[PDB]
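Q: coords below, sequence missing:
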């Protein structure tokens with residue numbers, strides 16, 4: 001897994017970006033968010049995740065919020 005920080009997220013629209021030092025930022029859609037409750041994220045949140053790339057390019061997957 002990769003580790004990152006939520007750079008920003010639009011709760012109403014349900015997407016945003018994960019910052020990772022070193023690599024480019026990673027687009028994250030709310031469907032990638034793991035766990036219970038309403039799928040959303042806050043700026044600066046610690047997350048673990050994977051990058052998945054199909055014909056639309058890379059985006060986050062398997063996003064878990066961490067302490």
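A: Here it is on my side, so go on. Numbering: from 1, shown residues only.
Q: does the residue nearest to the spatial centre of the chain sit in a helix, a strand or a coil?
A: Most central in the chain under CA atoms, centre = their mean is residue 28, positioned 4.0 Å from the mean C-alpha point. Three-state assignment for residue 28 (DSSP: H, G, I helix; E, B strand; the rest coil): strand.
Q: Please report the distance of it from residue 12.
A: 15 Å (CB to CB, to the nearest Å). All C-beta atoms are positioned from the backbone trio N, CA, C, and that covers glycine.
Q: and what of residue 62?
A: 23 Å.
Q: the more surrounded of these two?
A: residue 62 (15 against 5; other CB atoms under 10 Å).
Q: Tell me how far whatever helix or strand that one lives in lies from the chain's centre.
A: Take DSSP states H and E as the rule and residue 62 turns out to sit in strand 57-65. Taking CA atoms, centre = their mean, to the nearest Å, one finds the center of strand 57-65 at 5 Å from the center of the full chain.
Q: ranges for the strands of the protein?
A: 2-10, 15-19, 26-29, 46-54, 57-65 (DSSP state E).
Q: about what we covered before: quick one, what contacts the closest residue in space to the residue nearest to the centre of the chain that isn't next to it in sequence?
A: Among residues not flanking residue 28 along the chain, residue 60 sits closest, at 3.9 Å (CB to CB, 6 or more residues apart in numbering). Residues in contact with residue 60 (CB atoms under 8 Å, 6 or more residues apart in numbering) are 18, 26-29, 32, 47, 49-52.
Q: OK, contacts around the residue lying farthest from the centre of the chain?
A: Note on the chain: the largest C-alpha distance from the chain mean falls to residue 55, namely 18.7 Å (CA atoms, centre = their mean). Under the criterion of CB under 8 Å, 6+ apart, residue 55 has no neighbours.
Q: Next, work out how far apart it and residue 67 are.
A: In terms of CB to CB, residue 55 sits 35 Å off from residue 67.
Q: Over to residue 40?
A: To residue 67, residue 40 is 17 Å away according to CB to CB.
Q: Compare these two and say which one has the larger neighbour count.
A: residue 40 (15 against 3).
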